[PDB]
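These notes are about the structure you will find just below.
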Amino acid sequence: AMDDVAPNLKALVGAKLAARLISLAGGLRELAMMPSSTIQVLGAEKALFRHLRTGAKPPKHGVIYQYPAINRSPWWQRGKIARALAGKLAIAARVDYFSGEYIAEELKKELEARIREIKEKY
RNA sequence: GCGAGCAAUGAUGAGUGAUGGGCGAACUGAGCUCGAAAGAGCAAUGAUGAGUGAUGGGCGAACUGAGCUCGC
């Protein structure tokens, strides 16, 4: 049993999003020090920039956009899933930096359950 | 105060602006959804709001063309 050891972000979202969130926070310490309501908009790029400089439309999502329930679903669900996903990611990044202990099937079950709740709602 | 020089065969005005890429001034911060309705489930370990692309109606918008200069 002491051979099956792994990081959580690789299981909850996988490398295409995990290594992007690390690179857009500059590092994994910095991603673990970030709030859900900034992890939502990491890699929104030109959309975050002009929401500041010109006071434009707030970015609904950043590099999280290609998640398994955002770029492929109705607009009603796209906004609600983005911040819930960023919540569960803000937990997962703090786990993988500060302790490195594995819980990611429960972090998956909670994000199945909150998206099933978004389904009974919408 | 009055005259003098230049000018439609071109007097006047302006040291200031363009195009492209990030960051900073404490994102919202609790509601939502189902139900005859009390109620029930989800939620600060993040509810909700803030998307991109396209379709239709409405609203508004800015070079001049003669003045410039002076001696006592």
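So you can find residues: chains in the structure tokens are A, B, ... in the order shown, residues in each start at 1, and ligands are numbered from 1 in order.
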
Select all residues from chain A having any atom no more than 6 Å from an atom of chain B (counting only C-alpha atoms (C1' of nucleotides), ignoring ligands), output as number ranges by chain. A: 58, 60, 121

Could you please write out, as an NGL selection string, every residue of segment 8-119 of chain A that DSSP assigns to helix (DSSP H, G or I)? :A and (9-12 or 15-24 or 28-32 or 36-39 or 46-53 or 63-66 or 75-98 or 104-119)

Find the residues around residue 47 of chain A up to 9 Å (only C-alpha atoms (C1' of nucleotides) counted), leave out those fewer than 6 positions away in its own chain, and share them as JSON, numbers by chain. {"A": [41, 56, 57, 58, 59, 62]}

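Here atom CA of residue 37 of chain A is placed at a distance of 26.7 Å from atom CA of residue 6 of chain A.
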
Any idea what's packed within 12 Å of residue 42 of chain A, counting only C-alpha atoms (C1' of nucleotides), ignoring anything in its chain fewer than 6 positions away? Could you give it as a ChimeraX atom specification? /A:17-26,30-31,34-36,48-49,59-65,82-83,86,89-90

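Among the candidates A:97, A:74, A:52, A:69, the residue lying nearest to residue 9 of chain A is A:97 (atoms considered: only C-alpha atoms).
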
Separation of atom CA of residue 105 of chain A and atom CA of residue 88 of chain A, in Å? 11.9 Å

Distance query residue 84 of chain A at most 8 Å, only C-alpha atoms (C1' of nucleotides), self and fewer than 3 positions along chain excluded, as an NGL selection string: (:A and (80-81 or 87-88 or 111 or 114)) or (:B and (46))

Mind checking which residues fall within 12 Å of residue 3 of chain B, counting only C-alpha atoms (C1' of nucleotides), ignoring those fewer than 6 positions away in the same chain, and posting them as a PDB file with N, CA and C atoms (P, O5', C5', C4', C3', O3' and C1' of nucleotides), in the first residue's frame?
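Output file part-v8.pdb is given in full below:
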ATOM      1  P     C B  70       6.404  91.382 -31.720  1.00  0.00           P
ATOM      2  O5'   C B  70       6.992  92.670 -32.448  1.00  0.00           O
ATOM      3  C5'   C B  70       8.373  92.799 -32.715  1.00  0.00           C
ATOM      4  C4'   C B  70       8.666  94.129 -33.414  1.00  0.00           C
ATOM      5  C3'   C B  70       8.258  95.367 -32.604  1.00  0.00           C
ATOM      6  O3'   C B  70       8.973  95.691 -31.397  1.00  0.00           O
ATOM      7  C1'   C B  70       7.536  95.577 -34.853  1.00  0.00           C
ATOM      8  P     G B  71      10.522  96.105 -31.273  1.00  0.00           P
ATOM      9  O5'   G B  71      10.523  97.629 -31.797  1.00  0.00           O
ATOM     10  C5'   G B  71      11.612  98.177 -32.531  1.00  0.00           C
ATOM     11  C4'   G B  71      11.266  99.573 -33.085  1.00  0.00           C
ATOM     12  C3'   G B  71      11.262 100.684 -32.034  1.00  0.00           C
ATOM     13  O3'   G B  71      12.553 101.282 -31.948  1.00  0.00           O
ATOM     14  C1'   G B  71       9.273 100.767 -33.408  1.00  0.00           C
ATOM     15  P     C B  72      13.108 101.840 -30.567  1.00  0.00           P
ATOM     16  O5'   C B  72      12.090 103.017 -30.174  1.00  0.00           O
ATOM     17  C5'   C B  72      12.248 104.336 -30.680  1.00  0.00           C
ATOM     18  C4'   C B  72      11.073 105.245 -30.288  1.00  0.00           C
ATOM     19  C3'   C B  72      10.733 105.217 -28.795  1.00  0.00           C
ATOM     20  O3'   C B  72      11.614 105.991 -27.992  1.00  0.00           O
ATOM     21  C1'   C B  72       8.756 105.230 -30.168  1.00  0.00           C
TER      22        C B  72
END
